[PDB]
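FYI the Cβ positions are ideal-geometry reconstructions off the backbone, even for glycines, and counts take in every protein chain you see. Rule-based calculations on the coordinates, nothing more; no lab input.
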Amino acid sequence: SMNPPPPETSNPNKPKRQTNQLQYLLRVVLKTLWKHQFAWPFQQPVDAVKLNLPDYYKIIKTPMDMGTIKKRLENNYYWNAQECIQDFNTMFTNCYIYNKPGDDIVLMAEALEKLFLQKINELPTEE
Ligand SMILES: Cc1nnc2n1-c1ccc(Cl)cc1C(c1ccccc1)=NN2C
């Protein structure tokens, strides 16, 4: 029922890059989803205490959220675009694992994921 520490957003010994694909993930993908009317539940780690979800972190062992992703991108945490794409996919998957078809939060995830997929379809080739 307690909250875990949040995912890491800083690790000085992790090697870093800022590729054109990572810049697209910040400037296009994250910006698009962040501004959406359904972004709000996803803009920070799930607070299982305030939301009264005592089983959330019993079920979800790889938590992820756009607050974490935003910090990772803005603070250049990644080496490649795949790492960041995986974080978005983990975020959506967790929502579908914990919740049920047709739940409001699932409908919200589905809307954001559609936009995610439309943007990642036009990920630029790496330069
Ligand atoms: C993300 C996420 N995944 N499951 C949840 N959330 C969530 C997180 C934050 C916040 Cl603040 C809420 C939620 C919700 C939620 C339920 C209905 C309408 C809007 C949000 N549900 N829960 C259990």
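Descriptive notes on the structure:
- If the condition is being touching a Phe, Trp or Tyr at 6+ places or on another chain (Cβ under 8 Å) and of a type outside the set (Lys, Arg), then the stretch 9-31 contributes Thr9, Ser10, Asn11, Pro15, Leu22, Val29.
- Check on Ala81, more than 23 Å from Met2 (Cα to Cα), within 10 Å of the ligand (Cβ to nearest atom), surrounded by 18 or more Cβ atoms within 10 Å (Cβ to Cβ) and small (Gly, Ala, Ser): no
- Looking across the stretch 43-72 at every residue that is within 11 Å of the chain's Cα centre (by Cα) and not in a loop (DSSP other than H, G, I, E, B), the one that is farthest from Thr9 (Cα to Cα) is identified as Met66.
- Qualifying positions in the stretch 37-54 - near the ligand (Cβ under 7 Å from one of its atoms), hydrophobic (A, V, I, L, M, F, W, C) and surrounded by 16 or more Cβ atoms within 10 Å (Cβ to Cβ): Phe42, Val46, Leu53
- Selection count, the stretch 86-118, where residues are free of Cβ contacts under 8 Å to residues at least 40 places away in the same chain, part of a helix (DSSP H, G or I), farther than 19 Å from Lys58 by Cα and more than 9 Å from the ligand (Cβ to nearest atom): 8
- The stretch 55-74, subset of a type in the set (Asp, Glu) and within 11 Å of the ligand (Cβ to nearest atom), residue surrounded by the most Cβ atoms within 10 Å (Cβ to Cβ): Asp65
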